[PDB]
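In the block that follows, a single chain appears as structure tokens, in the form deposited without the RNA.
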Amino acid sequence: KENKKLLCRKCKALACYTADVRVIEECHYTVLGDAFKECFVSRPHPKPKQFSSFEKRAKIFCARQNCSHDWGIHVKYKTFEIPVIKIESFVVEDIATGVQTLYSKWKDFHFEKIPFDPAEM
């Protein structure tokens, strides 16, 4: 469908657009672009889990002051350090109507799911 906005569930700030999204291994969504790196901060994790396709390194959070809502983890995939976000952490809003949706699982959120390509980086 049309491009869509993802807002910090807790603080509503603008995180990114569906267009910036890319999918790794079919069920891991990351966000291309520098703009997005301006929205979250990484906090190292002392007891990182051990996922299958990537290596966890930290939890990322809304940069916003007095928000710091949990958005997801930051990882090493192949040779890139990239974020991996949780849909539940956001609110999907349609630009032209402001209708906002709360998804709990990407399986249910339906947009153009472009497979992550190292080209774009």
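Between two forms, the rigid core is the largest collection of C-alphas that superpose within 1.5 Å. Only residues modelled in both forms are compared. Quick note: we count residues from 1 along the sequence shown, nothing fancier.
Heads up, the form deposited with the RNA bound isn't pictured, but that's what we're talking about next.
Peer 1: Can you work out whether the RNA is within 4.5 angstroms of a heavy atom in all three of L6, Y17 and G33 in the deposited bound form?
Peer 2: Checked in the deposited bound form: no contact with the RNA for any of the three.
Peer 1: Please determine whether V84 contacts the RNA in the deposited bound form, using a 4.5 Å cut-off between heavy atoms.
Peer 2: So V84 counts as contacting the RNA.
Peer 1: Counting only non-hydrogen atoms and a 4.5 angstroms cut-off, does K49 reach the RNA in the deposited bound form?
Peer 2: Although the RNA is absent here, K49 would touch it in the deposited bound form, with heavy atoms inside 4.5 Å.
Peer 1: Answer for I73 alone: is it within 4.5 Å of the RNA in the deposited bound form, judged on heavy atom distances?
Peer 2: The answer is yes: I73 has a heavy atom within 4.5 Å of the RNA.
Peer 1: Please determine whether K56 contacts the RNA in the deposited bound form, using a 4.5 Å cut-off between heavy atoms.
Peer 2: Judged by the heavy-atom cut-off of 4.5 Å, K56 is in contact with the RNA in the deposited bound form.
Peer 1: Pull the contact list for 94 to 121: residues with a heavy atom within 4.5 Å of the RNA in the deposited bound form, in sequence order.
Peer 2: Result: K105, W106, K107.
Peer 1: Could you tell me whether the Cα atom of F51 shifts by at least 2 Å between this form and the one not shown after core superposition?
Peer 2: Yes, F51 moves 2 Å or more.
Peer 1: Note down every stretch of 3+ consecutive residues with C-alpha shifts of 2 Å or more between this form and the one not shown, superposition done on the rigid core, in sequence order.
Peer 2: Core-superposed, just one run shifting 2 Å or more comes out: 49 to 52.
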